[PDB]
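Enquirer: First the structure, then my questions, so here it is.
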Amino acid sequence: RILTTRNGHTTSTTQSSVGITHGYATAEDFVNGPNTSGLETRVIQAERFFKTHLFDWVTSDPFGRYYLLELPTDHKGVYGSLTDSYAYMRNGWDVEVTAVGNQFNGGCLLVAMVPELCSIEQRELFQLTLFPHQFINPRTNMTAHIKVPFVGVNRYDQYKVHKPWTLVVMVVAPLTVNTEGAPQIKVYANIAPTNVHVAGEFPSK
Amino acid sequence: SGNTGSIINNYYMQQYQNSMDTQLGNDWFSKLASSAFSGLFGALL
Amino acid sequence: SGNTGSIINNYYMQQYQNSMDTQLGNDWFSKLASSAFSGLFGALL
Amino acid sequence: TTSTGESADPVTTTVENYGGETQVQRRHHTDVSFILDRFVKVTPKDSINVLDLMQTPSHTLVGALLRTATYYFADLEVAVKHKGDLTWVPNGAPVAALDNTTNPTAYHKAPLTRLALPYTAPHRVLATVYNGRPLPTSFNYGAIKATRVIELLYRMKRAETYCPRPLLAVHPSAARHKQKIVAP
Amino acid sequence: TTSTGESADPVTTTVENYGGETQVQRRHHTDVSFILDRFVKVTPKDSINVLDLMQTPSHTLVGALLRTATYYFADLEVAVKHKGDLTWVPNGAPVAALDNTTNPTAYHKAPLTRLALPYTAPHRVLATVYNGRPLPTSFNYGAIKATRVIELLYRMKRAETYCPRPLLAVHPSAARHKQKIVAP
Amino acid sequence: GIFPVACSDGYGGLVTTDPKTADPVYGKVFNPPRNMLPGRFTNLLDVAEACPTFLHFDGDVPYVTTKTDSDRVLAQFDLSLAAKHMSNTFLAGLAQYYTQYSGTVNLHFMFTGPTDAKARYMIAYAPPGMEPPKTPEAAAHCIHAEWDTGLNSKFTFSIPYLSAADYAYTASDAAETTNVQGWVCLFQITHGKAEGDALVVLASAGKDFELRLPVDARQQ
Amino acid sequence: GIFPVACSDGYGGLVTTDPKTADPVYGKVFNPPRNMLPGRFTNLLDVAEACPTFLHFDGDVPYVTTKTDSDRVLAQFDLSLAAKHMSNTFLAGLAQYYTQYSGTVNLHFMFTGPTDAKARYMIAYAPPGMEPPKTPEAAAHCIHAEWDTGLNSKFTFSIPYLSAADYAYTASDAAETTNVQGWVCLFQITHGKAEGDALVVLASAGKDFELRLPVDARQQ
């Protein structure tokens with residue numbers, strides 16, 4: 001039930017989590033390859049949480065609204081400065097998507113961290129439970145907390161061009177404010193980069 | 001091992017037959033199928 | 001050993017395959033590459 | 001077998017819940033490196049065409065069990081009906097290279113010409129989709145040219161794939177997708 | 001890594017000077033007896049032509065990694081499309097010899113005729129350049145004749161060379177020598 | 001004399017599925033390392049068992065709503081890997097490239113109502129020969145099994161494999177309108193203040209699913 | 001009966017790079033001895049490492065003169081084995097017959113001024129993504145390294161290999177104007193009575209240069 005996760009100097013507590021969904025691996029692969037010549041360093045100051053707004057769940061939305069965002073998104077803090085001050089870098093992800101409703105709102109919600117994609121057709125939605133996923137069901141839980149490692153074609157990636165992961169939500173069953181439930185839900189996210197490495201330095205202005 | 005069905009070693013060497021692999025320093029989805037919970041979750045009668 | 005990639009000895013004898021060598025009584029440029037000085041030449045700090 | 005559904009934890013209850021007894025289930029025909037080794041046929045181009053594993057159609061057996069895996073690595077094989085002196089450049093050669101005879105060149109010998117060429121690419125593993133639809137230039141196996149290429153086939157060797165992707169069956173209008181089946 | 005430069009002593013400082021760590025560098029594709037064994041094609045003459053390893057063009061892959069070594073020794077191979085009864089004299093035979101059948105003579109058999117002939121010459125090792133441009137008569141491998149030679153190829157075996165010589169890349173007008181590369 | 005062989009007749013043709021391998025031309029290639037890339041799968045049925053996918057009920061939604069009227073049947077469909085209710089799912093997408101199958105097919109039922117809504121459901125399996133049942137009281141002689149909603153949401157019932165022939169087809173020819181495999185019916189016994197709720201369903205491969213005789217036949 | 005074989009189809013063609021060897025016709029030849037001829041080299045990269053060669057700066061000379069004006073940049077060029085500044089050198093002449101490379105490339109800088117002239121230089125490596133630096137104060141955040149002239153004349157700095165993909169091309173297609181590998185800039189910090197002097201440069205293969213995928217493509 002109760003579960004407290006901590007990344008860096010930031011924490012988070014949830015009292016209804018149904019577990020963590022490790023995806024595609026438990027540990028990361030070898031991070032000192034032959035391409036970087038050993039000129040790579042591991043920054044630890046940039047493994048803290050940060051937040052964003054996805055959308056607002058509402059009764060009008062039928063099955064199949066996804067509203068996906070691709071990340072690494074723009075970042076005010078430290079991790080946002082690394083892609084500006086370094087060429088190649090790699091990092092996993094540790095998401096947490098929260099939708100606080102009520103004990104009495106029926107409906108469902110599916111969230112999965114899928115690899116590289118731009119758009120999904122309506123037929124492929126029925127098969128979204130192949131990627132690391134978790135259901136948000138307002139009768140029981142309110143947080144997802146998927147946990148995926150870095151994966152890509154080549155070892156170190158240039159985040160100015162290739163965005164490998166893409167957090168995807170989806171309304172499996174419509175919201176129903178039957179009698180006493182909250183009129184609408186506002187979905188948020190609590191992503192946090194984990195295990196960030198970085199190599200190759202830029203000349204400033 | 002794919003559609004390879006001869007009991008004689010191929011005439012050509014291994015390195016000329018195909019690209020030799022290199023090491024540094026189904027695997028995962030088969031670990032998932034074995035983790036599958038199958039027992040009863042309640043008290044049987 | 002060049003583009004020779006069979007695991008079976010050639011049907012013809014060695015002397016008929018190619019000119020047999022004769023003795024009397026990469027060799028040098030590979031000795032040069034190993035002689036290459038690479039350490040630091042001054043006092044590091 | 002009630003269990004928390006919103007957990008993505010696999011739960012495969014069996015027939016032994018109500019007296020059943022599972023027979024033995026052996027799966028050889030559904031392996032990933034056994035089903036891809038079958039000479040899928042691609043729509044061949046004119047004189048010069050590139051060896052890219054994605055120009056194969058998306059409704060074949062090899063073309064559709066390949067666009068179900070995000071990443072893949074596999075050696076290659078071809079068998080072409082060249083009307084000429086087909087040559088083959090490696091990955092990354094200037095496209096004017098496939099006019100010289102020093103590159104691996106097979107001479108005409110009726111009817112086919114079956115080659116087994118390695119996997120040459122900078123990346124440790126290729127990819128079907130790419131989040132830049134056009135993929136980069138680096139994703140290929142090489143380029144062959146002849147006077148008039150007539151046929152072309154692909155047969156992946158040692159195939160191994162990662163990170164699955166959705167597969168789609170044909171949607172029928174009726175309740176059930178009926179059709180013909182061979183019968184004496 | 002300051003060292004006296006006017007000494008011709010090789011000095012190869014590495015990436016470990018500022019924290020680096022050299023990966024492993026394996027070189028098989030650049031050996032001297034592996035890169036020359038590739039059937040370079042020469043401009044074939046009429047009925048009679050001589051087997052000299054220097055009439056191959058100076059811009060191929062075999063013709064240009066050969067005019068980078070002062071001396072060389074290598075057995076030979078050919079594969080010619082003779083329209084006739086091709087014969088082959090050894091090195092130094094009177095040029096009227098390649099009309100008799102006792103000399104090694106291959107009969108017509110479509111499409112090619114691949115031979116593996118030894119290295120016969122007085123000198124212990126041949127040479128590309130010679131400070132007597134015309135080289136002497138003694139520098140060759142033999143002479144073949146047929147009714148009409150159509151194609152000819154050279155494939156050195158057991159090649160081994162000495163005393164390197166300069167190699168030249170093409171000089172571009174722009175800052176960088178751009179060109180096409182194969183792309184899907 | 002040389003070793004004399006006899007060139008046999010009717011051999012050596014390029015069969016598209018021969019076990020032989022071609023002869024190389026280039027050789028000596030060392031590719032980059034791939035030690036422990038995340039998420040490799042070896043067999044195509046391993047992913048089918050570990051990951052379920054939704055069905056396709058009436059309309060486009062994958063869920064069935066609770067019937068408040070005199071009717072009690074939610075939705076009953078054929079037991080065929082070509083059926084419409086299984087049009088777009090992994091297990092039925094993969095099983096169009098193979099001819100025959102033999103095994104169990106799990107069904108995962110997940111209730112997504114409010115905290116103050118309760119319901120009770122039944123799923124039964126009717127074999128071929130008799131028309132499918134139409135009332136729960138007339139379907140209790142099958143291999144049915146009932147579950148009740150509560151703290152644990154999902155319930156998974158694995159319909160068995162019963163067939164005279166050892167293996168069964170993954171297609172439906174027009175000549176056979178009898179649906180040789182049978183049906184699988186899903187009824188709703190009763191419900192309490194469960195108006196307009198949802199029961200999303202899923203489908204996964206069984207513990208002993210077997211799929212064989214590969215034929216790539218006109219899908220892409 | 002004789003041993004029956006099946007003549008396979010689509011085999012035996014004369015591939016220009018087959019590992020097979022032809023059958024002899026003459027035999028029994030003993031060639032003159034070659035025991036220990038001077039100067040044999042086995043690999044083509046061994047000569048590339050042990051012997052450096054000059055670059056091709058502006059004009060035709062291989063040296064750069066000292067800038068006495070407000071400018072501080074001597075000459076910056078692309079990091080590509082096809083670049084113009086490396087037009088005619090062994091390492092770039094050999095690397096046109098191969099497709100890909102991966103390793104380090106040493107640069108040897110040799111100062112040839114009088115005894116009473118002093119100078120100080122910097123060389124920095126700027127990766128792709130940002131335009132190259134234009135001032136030494138804005139280039140000190142790279143992998144730079146500075147040296148000073150004195151008793152020992154030559155200083156050798158080996159630019160590293162940094163790349164996402166494991167191997168990199170030895171060509172530059174017109175579609176890619178971005179110079180995917182980067183730049184290498186060379187600046188002159190200050191100088192004392194160093195008018196019109198010379199700093200000849202060289203270039204050699206690294207300790208772990210690797211060159212592969214041979215293609216002889218239209219140079220001779």
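Residues in the structure tokens are named by chain (A, B, ... in the order shown) and by number from 1 within that chain; ligands are numbered from 1 in the order shown.
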Using only C-alpha atoms, which residues of chain A come within 8 Å of chain D, and what is the closest atom pair for each, with the distance in Å to one decimal? Give it as a tab-separated table, sorted by chain and residue number.
Expert:
```
residue	atom	partner	partner_atom	distance
A:18	CA	D:7	CA	6.2
A:19	CA	D:7	CA	6.8
A:21	CA	D:8	CA	7.0
A:24	CA	D:163	CA	7.5
A:115	CA	D:70	CA	7.9
A:116	CA	D:131	CA	5.1
A:117	CA	D:131	CA	5.7
A:118	CA	D:131	CA	6.6
A:123	CA	D:168	CA	7.7
A:124	CA	D:166	CA	6.5
A:127	CA	D:166	CA	6.0
A:128	CA	D:166	CA	7.5
A:130	CA	D:164	CA	7.1
A:131	CA	D:164	CA	7.8
A:132	CA	D:8	CA	7.8
A:133	CA	D:8	CA	6.2
A:134	CA	D:8	CA	5.5
A:135	CA	D:6	CA	4.5
A:136	CA	D:6	CA	6.6
A:137	CA	D:6	CA	7.0
A:153	CA	D:125	CA	5.8
A:154	CA	D:123	CA	5.5
A:161	CA	D:132	CA	6.0
A:162	CA	D:132	CA	5.5
A:163	CA	D:131	CA	6.1
A:164	CA	D:131	CA	6.6
```
Enquirer: Starting from chain D, keep only residues with some atom at most 9 Å from an atom of chain B, counting only C-alpha atoms, and report them as a short mmCIF file (atom, residue, chain, number, x, y, z; two decimals) with N, CA and C atoms, in the first residue's frame.
Expert:
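So iface-v4.cif came out as:
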```
data_model
loop_
_atom_site.label_atom_id
_atom_site.label_comp_id
_atom_site.auth_asym_id
_atom_site.auth_seq_id
_atom_site.Cartn_x
_atom_site.Cartn_y
_atom_site.Cartn_z
N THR D 1 -9.70 -16.64 -9.29
CA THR D 1 -8.33 -16.22 -9.52
C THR D 1 -8.25 -14.70 -9.45
N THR D 2 -9.07 -14.12 -8.59
CA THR D 2 -9.13 -12.67 -8.48
C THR D 2 -7.78 -12.11 -8.04
N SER D 3 -7.26 -11.15 -8.80
CA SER D 3 -6.02 -10.48 -8.46
C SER D 3 -6.08 -9.05 -8.97
N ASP D 9 1.18 -7.12 -13.95
CA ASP D 9 1.84 -8.36 -13.58
C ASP D 9 1.14 -9.51 -14.30
N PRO D 10 1.85 -10.32 -15.08
CA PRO D 10 1.18 -11.41 -15.80
C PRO D 10 0.53 -12.38 -14.83
N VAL D 11 -0.69 -12.79 -15.16
CA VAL D 11 -1.44 -13.76 -14.37
C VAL D 11 -2.06 -14.75 -15.34
N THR D 12 -1.49 -15.95 -15.43
CA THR D 12 -1.95 -16.97 -16.37
C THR D 12 -2.46 -18.17 -15.58
N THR D 13 -3.73 -18.11 -15.18
CA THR D 13 -4.38 -19.26 -14.59
C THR D 13 -4.61 -20.32 -15.65
N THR D 14 -4.66 -21.58 -15.22
CA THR D 14 -4.63 -22.71 -16.13
C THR D 14 -5.91 -23.53 -16.01
N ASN D 17 -7.84 -25.54 -12.68
CA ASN D 17 -8.68 -24.91 -11.66
C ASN D 17 -9.97 -25.68 -11.44
N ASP D 31 9.38 -19.79 -33.17
CA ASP D 31 10.58 -19.09 -32.75
C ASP D 31 10.83 -17.88 -33.66
N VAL D 32 11.67 -16.96 -33.18
CA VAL D 32 11.88 -15.72 -33.90
C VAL D 32 13.01 -15.82 -34.93
N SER D 33 13.95 -16.75 -34.75
CA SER D 33 15.02 -16.96 -35.72
C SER D 33 14.75 -18.14 -36.62
N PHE D 34 13.60 -18.79 -36.49
CA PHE D 34 13.18 -19.86 -37.38
C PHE D 34 12.09 -19.43 -38.34
N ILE D 35 11.30 -18.43 -37.99
CA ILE D 35 10.20 -18.00 -38.83
C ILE D 35 10.60 -16.93 -39.84
N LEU D 36 11.74 -16.27 -39.63
CA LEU D 36 12.17 -15.17 -40.49
C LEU D 36 13.07 -15.61 -41.64
N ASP D 37 13.42 -16.89 -41.70
CA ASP D 37 14.44 -17.38 -42.62
C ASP D 37 13.77 -18.02 -43.84
N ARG D 38 13.07 -17.19 -44.64
CA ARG D 38 12.17 -17.78 -45.62
C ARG D 38 12.08 -17.09 -46.98
N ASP D 75 22.12 -11.11 -40.19
CA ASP D 75 22.83 -11.25 -41.45
C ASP D 75 21.83 -11.42 -42.58
N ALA D 116 25.52 -14.55 -49.99
CA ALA D 116 25.41 -14.51 -48.53
C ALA D 116 26.39 -13.46 -48.03
N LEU D 117 25.89 -12.25 -47.83
CA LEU D 117 26.67 -11.07 -47.49
C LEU D 117 26.46 -10.69 -46.03
N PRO D 118 27.48 -10.15 -45.37
CA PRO D 118 27.41 -9.92 -43.92
C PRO D 118 26.61 -8.67 -43.59
N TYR D 119 26.56 -8.37 -42.30
CA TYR D 119 25.86 -7.20 -41.78
C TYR D 119 26.89 -6.12 -41.48
N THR D 120 26.83 -5.03 -42.24
CA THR D 120 27.80 -3.95 -42.11
C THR D 120 27.04 -2.65 -41.89
N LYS D 157 19.50 -14.13 -41.70
CA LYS D 157 20.17 -15.19 -40.96
C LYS D 157 20.51 -14.71 -39.56
N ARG D 158 20.42 -15.62 -38.59
CA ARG D 158 20.77 -15.34 -37.20
C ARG D 158 19.94 -14.21 -36.61
N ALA D 159 18.71 -14.05 -37.08
CA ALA D 159 17.89 -12.92 -36.67
C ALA D 159 17.63 -12.94 -35.17
N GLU D 160 17.65 -11.76 -34.56
CA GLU D 160 17.34 -11.60 -33.15
C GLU D 160 16.84 -10.19 -32.91
#
```
Enquirer: Would you list the contacts of range 96-103 of chain F as an MDAnalysis selection string, taking every protein, DNA or RNA residue within 7 Å and counting only C-alpha atoms, but skipping same-chain residues closer than 2 positions in sequence?
Expert: (chainID D and resid 61) or (chainID F and resid 92:94 105 161 167:170 206 208:217)
Enquirer: Take the selection from the previous step and output its residues with C-alpha atoms, as a PDB file, in the first residue's frame.
Expert:
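So again21.pdb came out as:
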```pdb
ATOM      1  CA  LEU D  61       5.091 -13.220 -43.363  1.00  0.00           C
TER       2      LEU D  61
ATOM      3  CA  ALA F  92      -5.356 -13.288 -33.183  1.00  0.00           C
ATOM      4  CA  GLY F  93      -2.935 -11.129 -35.145  1.00  0.00           C
ATOM      5  CA  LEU F  94      -0.110 -13.636 -34.714  1.00  0.00           C
ATOM      6  CA  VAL F 105      -6.885 -19.091 -24.202  1.00  0.00           C
ATOM      7  CA  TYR F 161      -9.512 -26.975 -25.298  1.00  0.00           C
ATOM      8  CA  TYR F 167      -5.425 -29.804 -33.671  1.00  0.00           C
ATOM      9  CA  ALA F 168      -7.869 -27.148 -34.842  1.00  0.00           C
ATOM     10  CA  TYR F 169      -7.810 -24.604 -37.640  1.00  0.00           C
ATOM     11  CA  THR F 170      -7.148 -20.882 -37.279  1.00  0.00           C
ATOM     12  CA  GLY F 206      -2.509 -19.931 -22.283  1.00  0.00           C
ATOM     13  CA  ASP F 208       0.211 -24.562 -23.101  1.00  0.00           C
ATOM     14  CA  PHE F 209      -0.788 -22.788 -26.311  1.00  0.00           C
ATOM     15  CA  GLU F 210       0.772 -24.399 -29.372  1.00  0.00           C
ATOM     16  CA  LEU F 211       0.895 -22.858 -32.830  1.00  0.00           C
ATOM     17  CA  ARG F 212       2.284 -24.571 -35.906  1.00  0.00           C
ATOM     18  CA  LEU F 213       2.366 -24.981 -39.690  1.00  0.00           C
ATOM     19  CA  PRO F 214       3.479 -21.461 -40.702  1.00  0.00           C
ATOM     20  CA  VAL F 215       1.926 -19.939 -43.824  1.00  0.00           C
ATOM     21  CA  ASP F 216       2.312 -16.251 -44.702  1.00  0.00           C
ATOM     22  CA  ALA F 217      -0.911 -15.760 -46.671  1.00  0.00           C
TER      23      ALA F 217
END
```
Enquirer: Env of residue 20 in chain F: 12 Å cut, atoms = only C-alpha atoms, seq-sep filter 2 positions within chain, self excluded. Answer as a ChimeraX atom specification.
Expert: /B:2-11 /D:37-38,77,114,116,155,157 /F:12-18,22-23 /G:8-11
Enquirer: Show me which bits of chain F are within 10 Å of chain B, counting only C-alpha atoms, as a PyMOL selection string.
Expert: chain F and resi 17-51+152+156+207
Enquirer: Hey, list the chain G side of the contact with chain A: 12 Å cut-off, only C-alpha atoms, answer as number ranges by chain.
Expert: G: 101-104, 124-144, 159-168, 180-185, 208-210
Enquirer: As an MDAnalysis selection string, please: all residues of chain E that backbone DSSP puts in strand (DSSP E or B).
Expert: chainID E and resid 3 11 31 40:41 48:50 69:75 78:79 82 87:89 105 114:116 126:127 143:145 149 153:154 157:164 176 179
Enquirer: Please tabulate, as JSON lines, the residues of chain A that come within 10 Å of chain B, each with its closest pair of atoms and the distance in Å to one decimal, counting only C-alpha atoms and ordering rows by chain, then residue number upward.
Expert:
```
{"residue": "A:23", "atom": "CA", "partner": "B:28", "partner_atom": "CA", "distance": 9.9}
{"residue": "A:24", "atom": "CA", "partner": "B:28", "partner_atom": "CA", "distance": 7.1}
{"residue": "A:25", "atom": "CA", "partner": "B:28", "partner_atom": "CA", "distance": 7.4}
{"residue": "A:26", "atom": "CA", "partner": "B:28", "partner_atom": "CA", "distance": 9.9}
{"residue": "A:29", "atom": "CA", "partner": "B:25", "partner_atom": "CA", "distance": 10.0}
{"residue": "A:30", "atom": "CA", "partner": "B:25", "partner_atom": "CA", "distance": 7.3}
{"residue": "A:31", "atom": "CA", "partner": "B:25", "partner_atom": "CA", "distance": 9.9}
{"residue": "A:32", "atom": "CA", "partner": "B:25", "partner_atom": "CA", "distance": 8.9}
{"residue": "A:33", "atom": "CA", "partner": "B:24", "partner_atom": "CA", "distance": 7.8}
{"residue": "A:34", "atom": "CA", "partner": "B:24", "partner_atom": "CA", "distance": 8.7}
```
Enquirer: Give me, as an mmCIF file with N, CA, C and O atoms, in the first residue's frame, all polymer residues having an atom no more than 8 Å from residue 147 in chain F, counting only C-alpha atoms and skipping those fewer than 4 positions away in the same chain.
Expert:
```cif
data_model
loop_
_atom_site.group_PDB
_atom_site.id
_atom_site.type_symbol
_atom_site.label_atom_id
_atom_site.label_comp_id
_atom_site.auth_asym_id
_atom_site.auth_seq_id
_atom_site.Cartn_x
_atom_site.Cartn_y
_atom_site.Cartn_z
ATOM 1 N N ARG F 120 -22.213 -9.114 -10.253
ATOM 2 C CA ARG F 120 -21.850 -10.522 -10.271
ATOM 3 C C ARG F 120 -22.049 -11.061 -11.678
ATOM 4 O O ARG F 120 -23.096 -10.828 -12.285
ATOM 5 N N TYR F 121 -21.056 -11.787 -12.188
ATOM 6 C CA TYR F 121 -21.034 -12.205 -13.581
ATOM 7 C C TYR F 121 -20.802 -13.706 -13.677
ATOM 8 O O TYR F 121 -20.380 -14.350 -12.717
ATOM 9 N N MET F 122 -21.081 -14.256 -14.860
ATOM 10 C CA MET F 122 -20.830 -15.659 -15.165
ATOM 11 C C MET F 122 -20.329 -15.786 -16.592
ATOM 12 O O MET F 122 -20.799 -15.073 -17.481
ATOM 13 N N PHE F 155 -10.471 -10.790 -12.701
ATOM 14 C CA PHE F 155 -10.660 -12.232 -12.602
ATOM 15 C C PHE F 155 -10.370 -12.852 -13.960
ATOM 16 O O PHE F 155 -10.874 -12.367 -14.976
#
```
Enquirer: I'd like the contact shell of residue 107 in chain G - 7 Å cut-off, only C-alpha atoms, skipping same-chain residues fewer than 3 positions apart - returned as an MDAnalysis selection string.
Expert: chainID G and resid 156:158 202:204
Enquirer: Out of range 82-132 of chain A, which residues get helix (DSSP H, G or I) from DSSP, as number ranges by chain?
Expert: A: 82-85, 124-127
Enquirer: Excluding range 52-64 of chain A and any residue of its chain fewer than 6 positions from it, enumerate the residues within 6 Å of it, using only C-alpha atoms, and give them as a list in words.
Expert: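 That gives residues 171, 172, 173, 174, 175, 184, 185, 186, 187, 188 and 189 of chain A.
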Enquirer: What does the structure give for the distance between CA of residue 181 in chain A and CA of residue 53 in chain F, in Å to one decimal?
Expert: 28.9 Å
Enquirer: Report as CSV: every residue of chain D with an atom at most 7 Å from chain E, its closest pair of atoms, and their distance in Å to one decimal, counting only C-alpha atoms, with rows sorted by chain and ascending residue number.
Expert:
```
residue,atom,partner,partner_atom,distance
D:50,CA,E:184,CA,6.3
D:52,CA,E:184,CA,6.4
D:92,CA,E:181,CA,5.8
D:93,CA,E:181,CA,5.9
D:94,CA,E:181,CA,4.4
D:95,CA,E:181,CA,5.3
D:101,CA,E:41,CA,6.5
D:102,CA,E:40,CA,5.3
D:137,CA,E:183,CA,4.5
D:138,CA,E:183,CA,7.0
D:140,CA,E:184,CA,6.9
D:143,CA,E:182,CA,6.9
```
Enquirer: What is the distance, in Å and to one decimal place, between CA of residue 110 in chain A and CA of residue 112 in chain F?
Expert: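 Calculated distance between CA of residue 110 in chain A and CA of residue 112 in chain F is 12.2 Å.
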